[PDB]
Every structure is written in structure tokens, then in C-alpha cells.
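Chains as they are written, first to last, in PDB author numbering: chain OE, 1 to 37, 46 to 440; chain NE, 1 to 37, 47 to 439; chain Dn, 172 to 227; chain Aw, 5 to 51; chain OF, 1 to 425; chain NF, 1 to 426.
What follows is a short report on a single structure.
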Amino acid sequence: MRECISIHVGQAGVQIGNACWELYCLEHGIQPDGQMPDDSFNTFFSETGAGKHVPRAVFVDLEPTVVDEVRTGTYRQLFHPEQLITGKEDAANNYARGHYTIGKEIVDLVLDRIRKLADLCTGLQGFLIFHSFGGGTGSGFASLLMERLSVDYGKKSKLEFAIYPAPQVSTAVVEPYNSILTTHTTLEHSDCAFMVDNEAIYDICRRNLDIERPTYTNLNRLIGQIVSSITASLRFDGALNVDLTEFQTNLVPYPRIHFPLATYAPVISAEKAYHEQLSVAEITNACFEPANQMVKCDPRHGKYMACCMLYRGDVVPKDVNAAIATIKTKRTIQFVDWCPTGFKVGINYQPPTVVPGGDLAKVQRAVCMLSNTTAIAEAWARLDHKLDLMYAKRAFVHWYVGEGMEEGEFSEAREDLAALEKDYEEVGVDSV
Amino acid sequence: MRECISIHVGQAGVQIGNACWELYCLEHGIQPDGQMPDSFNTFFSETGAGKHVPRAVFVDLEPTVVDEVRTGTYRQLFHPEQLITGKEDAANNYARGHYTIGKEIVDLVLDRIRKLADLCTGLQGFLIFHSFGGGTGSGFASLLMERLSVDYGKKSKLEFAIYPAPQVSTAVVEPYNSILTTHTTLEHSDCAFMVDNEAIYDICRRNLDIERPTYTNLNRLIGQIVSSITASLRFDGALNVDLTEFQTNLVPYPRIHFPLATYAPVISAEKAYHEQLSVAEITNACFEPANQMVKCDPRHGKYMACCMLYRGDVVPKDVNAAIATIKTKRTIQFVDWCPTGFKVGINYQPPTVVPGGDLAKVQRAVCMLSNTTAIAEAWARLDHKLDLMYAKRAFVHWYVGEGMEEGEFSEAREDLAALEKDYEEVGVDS
Amino acid sequence: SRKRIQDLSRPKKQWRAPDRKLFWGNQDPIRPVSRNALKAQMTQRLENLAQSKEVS
Amino acid sequence: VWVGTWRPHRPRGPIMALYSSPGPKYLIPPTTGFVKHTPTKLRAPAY
Amino acid sequence: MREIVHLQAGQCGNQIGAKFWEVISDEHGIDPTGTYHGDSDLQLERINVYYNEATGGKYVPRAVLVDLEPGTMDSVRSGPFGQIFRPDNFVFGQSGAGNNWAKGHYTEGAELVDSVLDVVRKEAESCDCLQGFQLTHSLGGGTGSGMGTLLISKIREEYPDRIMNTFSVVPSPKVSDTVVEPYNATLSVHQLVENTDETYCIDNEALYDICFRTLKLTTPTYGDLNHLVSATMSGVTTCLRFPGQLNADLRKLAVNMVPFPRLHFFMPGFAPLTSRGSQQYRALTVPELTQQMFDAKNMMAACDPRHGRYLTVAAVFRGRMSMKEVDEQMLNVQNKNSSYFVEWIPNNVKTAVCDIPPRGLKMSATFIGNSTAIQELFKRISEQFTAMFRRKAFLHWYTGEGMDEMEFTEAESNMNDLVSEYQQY
Amino acid sequence: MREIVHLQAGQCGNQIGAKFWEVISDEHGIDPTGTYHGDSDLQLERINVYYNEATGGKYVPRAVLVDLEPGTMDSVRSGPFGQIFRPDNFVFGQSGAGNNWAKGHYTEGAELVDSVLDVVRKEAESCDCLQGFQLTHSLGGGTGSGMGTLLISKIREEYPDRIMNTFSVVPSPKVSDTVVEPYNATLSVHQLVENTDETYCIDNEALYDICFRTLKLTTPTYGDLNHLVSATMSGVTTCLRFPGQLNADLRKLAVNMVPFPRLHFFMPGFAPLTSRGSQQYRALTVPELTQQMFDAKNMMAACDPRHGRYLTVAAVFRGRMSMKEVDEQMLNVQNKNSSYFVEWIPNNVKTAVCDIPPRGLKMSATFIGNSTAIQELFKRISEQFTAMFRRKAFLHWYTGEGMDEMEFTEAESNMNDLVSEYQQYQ
Ligand SMILES: Nc1nc2c(ncn2[C@@H]2O[C@H](COP(=O)(O)OP(=O)(O)OP(=O)(O)O)[C@@H](O)[C@H]2O)c(=O)[nH]1
Ligand SMILES: Nc1nc2c(ncn2[C@@H]2O[C@H](COP(=O)(O)OP(=O)(O)OP(=O)(O)O)[C@@H](O)[C@H]2O)c(=O)[nH]1
Ligand SMILES: Nc1nc2c(ncn2[C@@H]2O[C@H](COP(=O)(O)OP(=O)(O)O)[C@@H](O)[C@H]2O)c(=O)[nH]1
Ligand SMILES: Nc1nc2c(ncn2[C@@H]2O[C@H](COP(=O)(O)OP(=O)(O)O)[C@@H](O)[C@H]2O)c(=O)[nH]1
Ligand SMILES: [Mg+2]
Ligand SMILES: [Mg+2]
């Protein structure tokens, strides 16, 4: 009826899933070791006749070094032993190897696990791809799995929660090669792509939250929390329910323009909101800050075209439109002329949970703002600049063509990204 | 529904706000922790548990004052975001105050001001606490209120700033930079009170029996007048006056907007168990030449518009006789173009006393607000003291080395001469 | 000296443009349509933004 | 609006309640690196 | 003996009909168990209009519960008055349409219609005579605006003469709730004009203004908002269920109200609306009811009476009053502000007086109006549609599931003709 | 059945008219809750001249409580008679008034005037027969002086034949609690001269002199000032409520009082005033009121009546007195002061004898006088105006908010015309 399948792959995806299933077990009465000490757990969990609940996700990786700790640690009691797919050799920051030579082979088990996970669920709703844009297993293997899922399942919805290279913070050097070369594959066979990066989450954890020296667990728990409200209405009753398939006909005006942002406003420490009243009119007004975004873009130079607000917990349905109307009256948030309506509202009846002892503060309100803007077009200009400076002398092409395929796909990047850059300019031109 | 926003810029404003935000805590009933053991809304918002939020922002570029405030007994009262520190001092420079280091931190203090103004419904004005001498209170507050004007518009701004005292000072460049401070005042400010330091010393030497006065007594005596301004805003009374007409009934012309301040019954606690003051002489206790908070003699100019806010057990019968006998004498002189002269304000709350303090428990207490033509001399001497330094181009190299120009000084001298001409022209009779 | 009196009598200069006065219970929008996207806009040649079918 | 003999009276000047706080408009400097840091973080050393 | 069958589709229609079946079970005295617990007779001799019988004194409502998203089924089933509905009319889809008209009408919404027409026909074949078709939905949703229009097209193509009633909510002018509101709003009700004969436009910002500045509620929720609509819903069909001195049924609320088959758009109302802080300071009389009936503060639509000119007015009164002060007050309404009424119709009001006022109050009224200011709403909807249409802004979700470019142009042409013919009169 | 609608604008107006309902509800024996607990039955017959009805026998007055600041509704609702009004009859604002003309007339007040005519038409259309409108305000501020003067224009054109009973507190020659009083007086009584039909000019200075000198208060509070005004306030409309040997309604106190449409400014009063310790010393007789009635030291306006003549004189006698006396003494005072009455009007005095006096007194009186001596008040207001206009003292504060220069000139011209007509017929 209302089940969904989320695919975790790479390292960023598997660590995000490691943090996310903590929250998924905490929302319901499911213990971390599977059992319980009600039909709202069918979206993420299946039921076995002995009381064991089995998750509906997959953990696939070409290295064993990060799936071993799941297979040996706190959560080896939860996940399916054959869904814990491990590889042999790393893709090693290479699109070509993990797309053509080693990533081509192991999908005969990945797709089989996806099939057996899909034969339990009756009303399947969509796919949540959890990977990263700048690796070999994240950007090459998940891309090929997305090709195969698109050519097999047809018109099922596909969503991407992926790690985007920050303008300054970047741990690898082959990022623009296997990041842009994924975008030939994404926008043809995708419906939305909720990008995040790592610098903006550092800024949020540092300034809004007050944690110093943050490990990856803080970022991954924030990611799990913002994707916890994207499927809030699929499992929890609410006054204004917004299911999964009506996200795309609200966020996507054009099939090319399906690259939205993401924002979770009530992210704050325990001893900061204790000196605060957290009214509705000052939470959704904080979703529109440039300092609250999970991707480094400036919405002051961007032009909003679609929006969605997915409220949680004790939200009065009256102050929501009173908070939207004052936004409409202010001139700091400008829309395009061909969208005179703008907004979309969803209200739920469940407060956001907090991990016990975690950095987040307990509240009974939660706002997730999803919107696509023309300011994302600058996030592609910098990667195009990087590829133009790096491919000009054929920097790292020998590691790519050494798997057996030509460099023509690198030459296919410039016309495709030039079209994606100039049509974004075209759809934001005023009426003249 | 009667909100006021308080900004404390520089040390000379934060050190006064320290006294003000304990006086306001005692006036209502909030232990400095912030919790409680319905008219407090004009300085406090609420939480679910019950703490109260001071609607004030504490900003300076030196982290010393806010750091010792954070370690004190106000850590629970305040939010860690109104306590905005800085890395490096404004270094006694009008240039450095708002151009290199002070240019950037505006985008954080204004964002916090914006978050403060959204939680209130009846915001009226701005309570900026600064000084005319240094660089943080004179340069940063300059540009800050300058773009407050483009941020809000007709919402009034009330600075409570101190003056260079006419024969004592601490900094040497005080007249060199105080003139440059007022280049933003007469177009982005409507009423800025002038309360210097030397006259408070004379007041606490004569009217009080106290010896070796510290800055604390001056801050408390200023904060008493500041709290008496918002007396009718918080409480009930016969003649309720707020900030909106305070803009109008006190200021005749847009440039002529620098009035005085005077608190009459500052009588020692040791002399308080014998005498009980009355209205007919507490009105004369405001107009004495030795009872005021700026070292300027009032005979040097004719009065323009007076405003007295009587607080406590005051009946409006005898304030009439007080103004009537004020009009009769000769030393108190008004202008010919103001037959009406005055403005009467009456409240129902006597002033609060502070434990371990200096002031006494009096019944009636009048706060006097007035602008006079005598302050033209208080600008004329600061002008001449800048002219003596500028004749040899004394400290110019410490200002043009940061981003200002001599071409800015060439547009800077003549406006204060124009202001002297304005005061001289408005002082004459027709 | 009278011209100086006229000079002080000039009131002031404003900075914030006043916000828009809105009326409720009417069928008017908050942000007006610019009337050039109404019936003056024309589509472009590369506006091939149609529905992407299944695979073939 | 005037679709008869009745019309609404028009105020001649702006209302003081219109002059409200502008929303999200200020960019607040980042907290990563050296090119632009807030003076509220203890900065990390460059080398 | 004289029945009305109720239908609802979508979250909006379902959660309005839930409050409807609460309030009209309360007027007739039916507990959520399903027995009879009223303490009169006049609420029991005409109960078959909205209910059926069962063994042991079980009163089963006559409603049809449909939605392509089954999420609201569990909410209305596990609500307060959710255990009276029979478990066979609960037909649901598995894949929600989700604010797309094509999924609600053509390719998925039409596949569940063969299951809902069976239940509608089975309900309509157990009544002595049919008079109305009551539909509640949303005008710019996906399943409410998609398959409700298909359902009423099928009903009108099979039952030709029976009057049908939509109680639908329309998109608000100030705040927007969906980006595809103009597309569904324009393209679904250009099959409302050529099919229906009595429709009721309800806004949501006007209901909020009623709850805030008239009822004076600090926390007005949706459960307290659909009761306000359900009051007018129950008040329109009052003379069918209770006796009175001037009895008007729904058919006589059509000839006196609809002069032309296109101009049939009505804005509902409910008179005795006041806060409990001034309930005792007023006296519940006919003059204040007829004063507040023709006020902008007691209407469910954001169209002022100023913008146009009233064509027909209906006003159903309940309680024990006399009729000449009622008729005299209607005359003073017509004569005082005669610039807001049409000259070419002499009498512009229709009055009906019942005998049983609702519980609690001693009298009540229900206001239904026809005016040439509803065209201002369609002007705004056509404005938004033409702004979003020519850039092909959201036609991607339409043209890939059996659409055409020219169909939108036909809908906009019909809307322009409707606004022109409203202006002409 | 003959109804009067009450309006109060500004906190001064709301204070002077809030106590006005205390002397009426106690006159009709109405609880502060609203119920009836009196002893007589004559005071209940004509109670639909000021009040309305409610189920269960509660009585709610008609009133349009109007202000620009919400700082009054926490006080007048919490006063002695706060529970008697109607919550839907309250009209408020958000921003401050500022005591200026622009925020009562053009910018803030012009927003609020559409929502005050809603409740004016709420009350004025639920009555049987309407006489006119009752309004309390001042002449030296921004709310009552400006916005109420806008409100008389927004009411007058809707009801062209009814009467406008305004009640003005005029700035005093020696005491002023506002610095922009001459501006707000000239701008008000420029337009007040051609809409309302009778204005009762009241000075705080003369009324304070009455309180200090006649009935011997040492400490006069504002409530004891408003009570003395409210006695006259309720003394004018006493023929609408109680029987009398010589009835004279509000319209009869409008025809006989003005000889020309623009000379309609009245000096009020109240005769039987005595000290606290001398109430039970003797019975009050009719020859000892006219001496208290026709003296300069009883007048509520600071203009000395002996600096001019009297055009039309009123005497609303309340109590059980004879009629030969209350005409013989009027003849005697007409013959006694010939130079204080005009020559071309033969009878200069109107008498109206009611029956019911207020509670606490077995007899009472009320004086309304239209004398030429009030031209002294306009002259000093004009001179105080031109003192601030030869040099444009506060024109900075008006001209920046829609005001323009020469309407002050034409308002001063209008004052000069009013002075010349008031002197010309003397
Ligand atoms: N925020 C966040 N980012 C992560 C995390 N783990 C990995 N990343 C990001 O992933 C990027 C590396 O790309 P990956 O896709 O993980 O590379 P891979 O999966 O190891 O595949 P290969 O590079 O071929 O070995 C880094 O730049 C990180 O920014 C995580 O736990 N949290
Ligand atoms: N009343 C009072 N005055 C003070 C206090 N501290 C300093 N002052 C006065 O302020 C003057 C110094 O100029 P300021 O504007 O305060 O200097 P600043 O605020 O530290 O700004 P910078 O020097 O640039 O850091 C001195 O002449 C003192 O008279 C105080 O705590 N209370
Ligand atoms: N005013 C009001 N509107 C409602 C209520 N419930 C739902 N809505 C409206 O209904 C619309 C959603 O329609 P929906 O039921 O989702 O259409 P569907 O997807 O085809 O079933 C939204 O635009 C809301 O404005 C309610 O209780 N009051
Ligand atoms: N006599 C008298 N005068 C009053 C009373 N209350 C206020 N005033 C006068 O009202 C004047 C101020 O008018 P104000 O209320 O500020 O005008 P507004 O604010 O525009 O309504 C002062 O000069 C006072 O003398 C009162 O109870 N009695
Ligand atoms: Mg890897
Ligand atoms: Mg300093």
C-alpha cells in the first residue's frame, strides 16, 4: 500500500544509512536488535512471524571495510545477511572501473536483492538512491544501477540524496571527472535529486547547532533527520497529507529542471532552544536563510519556481498561511512571473524524534523546505570551470580509458552541460 | 504591543546596559536566572518553561566586557547570540570602527536585530546605547543606525549617548572624531539625549554625600532616566505619553533634536528619613543650573520645548501651579515663537530602589527633558578644539591610513558651522 | 534669513520604501501579475520540455 | 472597490504598521577557511 | 420516501463529509454506535432521506467513500463518527493520483469508476424517489477534482433529470496550497458548467477570517473548520426533513435561483455567527439575522457583494417566528441598497421558513446567493492559467498521460466566455 | 424610541465620557453587570434613548468606543463600569497617534473610518427613531481633535438632517499639557464650524477654578472633573427621559439657540454646587439658583461672559418647582443686566422645567449659554497659532506626511471670518 525502497551504496550512502536506520528504529517501537519490547511501520519494515522486523533497504559496497562494522557491530542483528552485499576490490575514485569492469558484474546480486525486496511490498511508491557524486562506487555503480532500474521498472519514481562536491572542501582530486560524467546519466533517468554538500552542513552544525570538531556521524544524523520527514506522511496520519508521488508534480516544472534544494529549520542545541519560543512564523521564516541551506548557493541571486513545506507535530493550520502571506508581502524572496501560486503545504500529526543524548533538541515542530531555484546553476558553473581547466591538457584520462572505453564520453560533457547551463538562464528570463 | 529594541554598542553602552537590565529585572519580578517566583511584555518574551528573553543585543569588537558578563550571573538570563563579541579592538578610530573590522560584523548584528523584531507586534523605536568619544560607540553605531534607517524607515531611533565633557576627557582624539560622529545623526536620528560625565560627578558631589564615585553610580543615574522614559509605556497613569509623540512634541526642526536630561530628587538615603519632598519645589529642582547632567549653563540660550514626566503620587492640580510659577520668573526664558512651552506627563509608579545602591526611597520623582539654545556653545567649543588640531593636520595620518580620505574631511568641517548658524538663526526673535 | 527658515522647514528624506497595503476578502493576488507574462510573452524554439517516456 | 455609488476611503499617507522588518536578506560570513571568517570562531591556523 | 444520496472524493471532501455526518447525526439524534438517541418524534419520521434501516434498529448512512489514496480512509474510519458507514462502499485505490487531473480522470481515476458506479446505483435503487446528488470534494486537488467530475458526468449521462449538488472548496486568492491549482481549477470545472445546475463555491481564507474575527477562536483547526461548512450543508436541506410554514425543497431552490443554465454558481452562508463573549450581549431576533446574512463577514467566499450585482438570493429560516417581519426585512434589503441588485428582475429574494431550529440555538438561517462577482474569481483563475500555460510550466505532467495542447485552450475559452456573459448581465 | 448614538474618540474623550455612563446607569437604576435593581418605575419607561436590550433582562448601551492605541482598553474595561459595554463595539488601532493631524485625518485615521461606520450603521439601524449623534473629544490633540472631526464629516453627509452633539475641551489660556495645541485647535474648529450643530466649549482652567473656589476641593482629581462635566452632559438630554411641565427636546434646544447657522458654540454650566459640609444645612429654593446660574464664576469656559453680550440663554430646570417664579426671575435678570443681552432679540432666555432631579438632590438645574464673549478664546488661539506660523515652528512635522502649506493660511482665514461674524452681530 505505502511501502518504499531505499538503496544505500558507496561509503557516504552506507554511513548515511547507518545513521538513518537508528532514527527509523527510534520512531517506531522496534529495538535496535530487531524486535519490540499498529500499521505505521510497514513503509520501512517488514514483519516476520516470530516478531523480527526486517528493513526494506539494501547495503551494497565494492569494499568490505565499511560494511564489516555493520556486519559485526550494533546492527548486525537487524539487516538481512544477503542484503549486506560486499565487493572485493574498490572502484578507487574511478567512474570507468566501477561502471564497466567491476561494477558491471556484482549487480546480478544487487538487482536480485531489489527484486526479492519488491516481492514483499504490494503498493510500492518509489526509490531513494543514497550515494555520493564524487566517487567510483557512489557515482559509477549507483548510476548503472539507476540505468537498470529505469529500464526494468518503467515509470517508478526515482529520488537521489547525494553528496555534492563543495566549492572549497574536497577530499579527492578526480571529483569533476566522475561528477560531471554522472550527470549524463542522472537527468535522463531521474525525477528529483536532493543534493547536499559537506561545507554547508559543517556551517550548520557549527553555528546553529553548537558542536565543535564534528565527525561524520553528526552530518549523517542530520541527513537522516531531513529524510525522516520526506516519508513522514507515508506512515503517519495528518490533516494535509502529501504522499511520495505528489512531490514530483509539485517540485518539477520541466523534466530537465529537477534539481531542488533541501532545508531542515529546527536544528538547534539543547541549551539554545531552552531560551527560545519556537513559533511557526519564525521556523519557516528561518528556512529561507542563506545560512540554513544544505548546499552553498545564494538564493538572493536565485529565482524560486516551486516549493514544498512538510510540517510535523503540533502545527496549527492557521499560522502556516499567515507565515506564507508575510513572505509574499516581503520583497526579499522573489519568484518568477510564470509561477503566480508558488507554495505547497503538508501538515502531519507527529513531532520529530530526537536521539537520546544527541546534539539535537526535543521539539514538537519540524519544517522541511524543498525547493528548486536558478541559483543551482552556479553550482554547475564551477564544476564546468574545473573540467575545462583540467581536461584542457588531458590530466587524468589514462586512468579512465585504461578500462577499455574511449574518451568521447568526456567530450559529451560540454554540450550537455552547456545546454543545462543556458536553458536555466532561458527559463529565468523575465517577460521583456 | 509596545515593544522597544535595545542596542548596546561599545563599552560605554554595555556598561550602562548592565545596570539597566538589573533595574528592569527588579522593576518587574524576574530573578537574574530568568524564571519567575503581565506588563513585562515591553522588555521580555516567553518560553514554554517560563524564562524571559531580554530584547537587547550586546555588541562590541573587544570580547572583554561581554566575556565577563557571560561569566557573571547573567549567563542564564541572556541568549548566547545577543552576546556578540569581536576579535580585535576598534583601536580608538572613527575610520577603523566601521570600515575594515566594523564593516563585516554588521551582517550578524543586523540579522539578530531582524530576528528580535519578528517576535514582537508593536515595535516602535530603537534604544541605542553608545558614546560620542571612542570608535566603537562612534563609528560602528554611526553606520549601524545609518543602515537601520534603510532597514526600517520611519521607526524612530533613541540614542542615549554621552558627550565630551568641556574640560575633562580621556581620549585625545575625542573632538577630532566626535564631529565626524554627527555626520550621520541629523539624517538618521530623531532624538539622542546628551548626558556627559562631569555634571554627574558634580551632582553626586553636591546633591549626594558620596565620596570616590565610580562609573557604577553614573550608570545607575543614567538608567533611572532611561527607565523613567518608558514609565508610561509599562504602567498606568493620568497622562500617558509614548515614544511616537516624544518624537513630535520635543523636536521643532529636524536638525534641532539634541535635548537634555535631568532627574530632580537625587537625595541621599541618610537625608531621606527626615524630609519629604513636594511638587512645588521638585519642579524648581529641575531648572537649577547646578542640577543638570551636562556642564552647560542654561542662561546661555532660550528654552524651546520642555517635557517633564512626573512619577508616583502626583495630582495634576499643582503641576499647573508649578508651571505657572515657572513662567513668572526671569532666569528661565523661552523663545517668543512658543507661547505654550511645556508638556506634562504623570504616572502612578514611584521609582524603584536598588539594594546596596545610592538613591533613596522617594515618593514623587520627575524626569525632565528639554532642548535649549545653550548647547550651541557646547558644540562651538568642540568645533574650536577640532580647529586647533586641524590647523597642523595633527592625527590625519591615523585616519587616512585605513580608508577615509582628506576629501571626506573637506565635506566634514562646514556642516557643523552650518549647524551653529542654524542655532543662531533659530534663537533670534521676530 | 527667511530662505534659511524655508531650509529648516523642509521635513526629511526617507529610505525604506513603504510596504504594500493589502486588503482581505477580495479576489486580488498578493503579488500582481506583471501583464507582460499575461498576453505579451512568447515561447522559444528550444522549448522541447515534454514528457520523457519509458525506455525503448 | 467602486462598482456602484460606494467607494472605500483612501488614506493619504503610509501606515506605520506597514514599516515592518525585512525578512531573510543578509549574508552572514562563513565559518570555514581563512578567506572570510567570522570574529566569533577561534580561527584555525594556516601554514 | 424522498431521498438524497451523498458522495465524496478526496481528502477535502472526505474530511468535510465526516463533519457533515456528525452534525446531521446530531440533529436527528444518532450516536456513533448507530442507534437512535434523540428525544423527539419530528427527527424520526423523515430520517430515511439521509439514512437507511437495518435489523435491530441500526441506522446506516447513505454515503459513498472513494479516494485513490487510502490514507484518509483510516482517518475517517477511526474518527469519532466513523463506525456508522457500511464496509462495502469503502472502495479505494493503491496508487494515489496526487494533484494530477490526468491520474484522477483518465488513466487511473477511470479504472475505479466501474466500482463506484455500482455502489451509487445500488444506493439509488433502494429509494422511493431520488431528488439530489450531494458531492463534496476539492476543486484543484487530484482525486477530488479528477474523479468527482468523472462521477458527475457519468451520473448526469445516466440520470438526466435529477438535481445534483456540489459542495466544493475553491482555491484561495491570497495564499496558494498547490502549484498546479490553476490547471486543475480551470480544466476540471469547465465540465462543471455544462453538467451541473447548483454548485457552491467555498474558500478557505474566508472561513479562517470567520473563525478569527467573528467566532474569535485562538486555535482554529480543520476539525473546527469543516463543522462550519457542514452547518450550511445541513441547513440547506431543512424543509425536506422537518415541517414548516413555507417549505422549499432543493428543486424549488433551482428555479428561483438559476435563470440561465450557465449562471448557477452560488456562495453559501450561515447567519447566527458570534463569539461566546458577546452571545449574551445580543438578542437572538430576526432583524440581526437578516442584517448579518447580507454582510461580508458571514460568507464562505472571498467575493465581496460590491464587485458585482446580486441576481437571486435564497434564505432558509429555522425556528418559531412570523413571516411578515421577515418579508418586510427582505423588502428593506431590496429597497435600501438597490444599486447591488438587478433592475430587470423585480423580486430578488426567496424565503423559506422551517419549524425545527438546530440544537442549542433557538433560531438559525442559511444564506445562498447568486451574484455577478463570482466572475472575479474566474478572472483570477484564468489569469493564473494563462500565465502558467504559455511557458508550458507544468504541462510535462499532463501531456504524457493522454492530454492535448488544444484542450487547455478550449477550457480557457469557456472561462473567458463565462466571465464575458457574467459581465454582460 | 427616540434614540441617541454615543461616540468617544481619544483617551481624553474616552475618560470624560466613560464616567458619563456612571451618572446615567445609576439614574436608571442599572447594575454595573447590567441588570435592573432600581426601586421606581418611571426611570425604566424611557430607557431606549441611550441603551439597548438583551435576553434575560440585561441592558447594553450603544457606544462606539474608538481610539488609535490599545492602551485604553485595558483600563476602561477594568474600570467601575467596564463590563457594561459591548466587545464588538470596540474600535482600536495599532500604531501610535502622535498628537498630530496627519495620523488622525489623512494617514492612520482615514484607514480606520471605514470600520467605524460599520458599527455606526450597526447601531444606528437597529434603533426605532434617531435624533442625532453624541461625541466626546478634545481640541488640542491628534486623535479626538483630528479623527473625530473626520468622523463628523463621515457621518454628516450620510445623515443630512440629524444633529451632531459634540463636546469640546478647549485648550486653556494659562495651562497647556501639549505643545501643538493651537495647530490642533485651528485645524479642528476650521471644519467644526460647518458640520456640527452645537459645540459645548469647555476649558480646564475655568473648571479647575470652579472646583477650587465654589464647592471647595483642595485636591481635585480627574474623576471629580469629569463628574462635573457629566452633570451638564446629562442635564441637556433630561427632557427625552422624564416628564416635565415644559418639555424641550434636543431639536428644540437647536432651533431656539442659534440665530445663524455658524454661531453655535455654547458655554455650559450647572447651578446647584455646594461644599462637602454644607449639603443638609437648608433646603434649596428657586431664587437661590439664578444667582448661581448667571455669574461668571460658574462658567465652564475660561472666557469671562462679562466681556460681551448673550444671544440665547438656556435654563433646563430639573425638579418640582412652580412656573411663575421660574419666569419672573428670568424677567428680573433680563431687566437687571440689560447690557449683557442683545437689543434686537426681545426674549433672550429659554426656560425648560423638568421633574426628575439627579440622585442626592431634591432639585437641580442646567445652564447652556451662547455669548459673544467666546470670541476672546478664538482670538488668543489665533494669536498662539500665528506665533508658531510666522516662523514655521512645527510645520516640519506636518508637511512631511501629506500636509501642504496654504491650508493653514485658509484655516487662519476661516478663524478670522468666524471672529468677524461673532463680533459683527454684537
Ligand atoms: N557528509 C558525508 N560525506 C561522506 C561520507 N562518507 C563519504 N562522504 C563523501 O564521499 C566522498 C568520496 O566519494 P565516495 O563515493 O564515498 O568514494 P567511494 O564510495 O569510496 O568510491 P571510490 O572513490 O571509488 O573508492 C568524499 O568526498 C566525502 O565528501 C559521510 O559519511 N558523510
Ligand atoms: N558612564 C560611563 N562612561 C564611560 C564608561 N566607560 C567609558 N566611558 C566614557 O567613554 C569615553 C571613552 O570613549 P568610548 O566611546 O567609551 O570608547 P569605546 O566605547 O571603548 O570605543 P573604542 O575606544 O573604539 O574601543 C571616556 O571619556 C569615558 O568618559 C562607563 O562605563 N560608564
Ligand atoms: N479549506 C479547507 N481545505 C481543505 C481541507 N482539507 C483539504 N483541503 C484542501 O484540499 C486540497 C487538497 O485536495 P486533495 O484531497 O489532496 O485532492 P486529491 O489528491 O485528488 O484527493 C488542498 O488544496 C486544501 O486546500 C479543509 O478541511 N479545509
Ligand atoms: N479637563 C480635562 N482635561 C483632560 C482630561 N484628560 C485629558 N485632558 C486634556 O487633554 C489634553 C491632551 O489631549 P490628548 O488626549 O492628548 O489628545 P488626543 O491624544 O489626540 O486624544 C491635555 O491638555 C489635557 O489637559 C480630563 O479628564 N479633564
Ligand atoms: Mg569506494
Ligand atoms: Mg571599546
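C-beta: ideal position from N, C-alpha, C; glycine also.
Per-residue burial, residue i [other beta carbons within 10 Å of its own, 16 or more giving buried]
i                       : result
residue 406 of chain OE : exposed
residue 344 of chain NF : exposed
residue 67 of chain OF  : buried
residue 302 of chain NE : buried
Beta-carbon proximity check, residue i vs residue j, cutoff 9 Å
i                       : j                       : result
residue 151 of chain OE : residue 190 of chain OE : yes
residue 206 of chain NE : residue 148 of chain NE : no
residue 318 of chain OE : residue 356 of chain OE : yes
residue 125 of chain OE : residue 169 of chain OE : no
residue 166 of chain OF : residue 142 of chain OF : no
residue 329 of chain NE : residue 275 of chain NE : no
residue 146 of chain OF : residue 103 of chain OF : yes
residue 239 of chain OE : residue 99 of chain OF  : no
As assigned by DSSP and simplified to three states, the class of residue i
i                       : result
residue 131 of chain OF : strand
residue 376 of chain NE : strand
residue 407 of chain NF : helix
residue 211 of chain OF : helix
Option in the options with minimal Cα separation from residue i
i                       : options                        : result
residue 342 of chain NF : NF:331, NF:372 and NF:328      : NF:372
residue 85 of chain OF  : OF:278, OF:121 and OF:35       : OF:35
residue 266 of chain NE : NE:428, NE:295, NE:21 and NE:6 : NE:428
residue 390 of chain OF : OE:345, OE:67 and OE:113       : OE:345
- prompt: Along the chain, which unbroken stretches of the alpha helix (DSSP H) at least 4 residues long are found entirely within the stretch 193–224 of chain NE?
  reply: 194–197 and 207–215
task: Quick one: which unbroken beta strand (DSSP E) runs of 3-plus residues sit fully inside the stretch 164–205 of chain OF? Chain order, please.
output: 165–169 and 199–202
query: What residue ranges within the stretch 235–273 of chain OE form continuous alpha helix (DSSP H) runs of no fewer than 4 residues, ordered along the chain?
result: 253–259
message: My parser needs the beta strand (DSSP E) runs of 3 or more residues fully inside the stretch 115–187 of chain NE; what are they?
response: 134–140 and 165–171
Every unbroken alpha helix (DSSP H) inside the stretch 47–116 of chain NE [4 residues or more]: 72–79 and 103–107
- request: Give, in chain order, every unbroken run of the beta strand (DSSP E) that is at least 3 residues long and sits entirely within the stretch 250–296 of chain NF.
  value: 265–269
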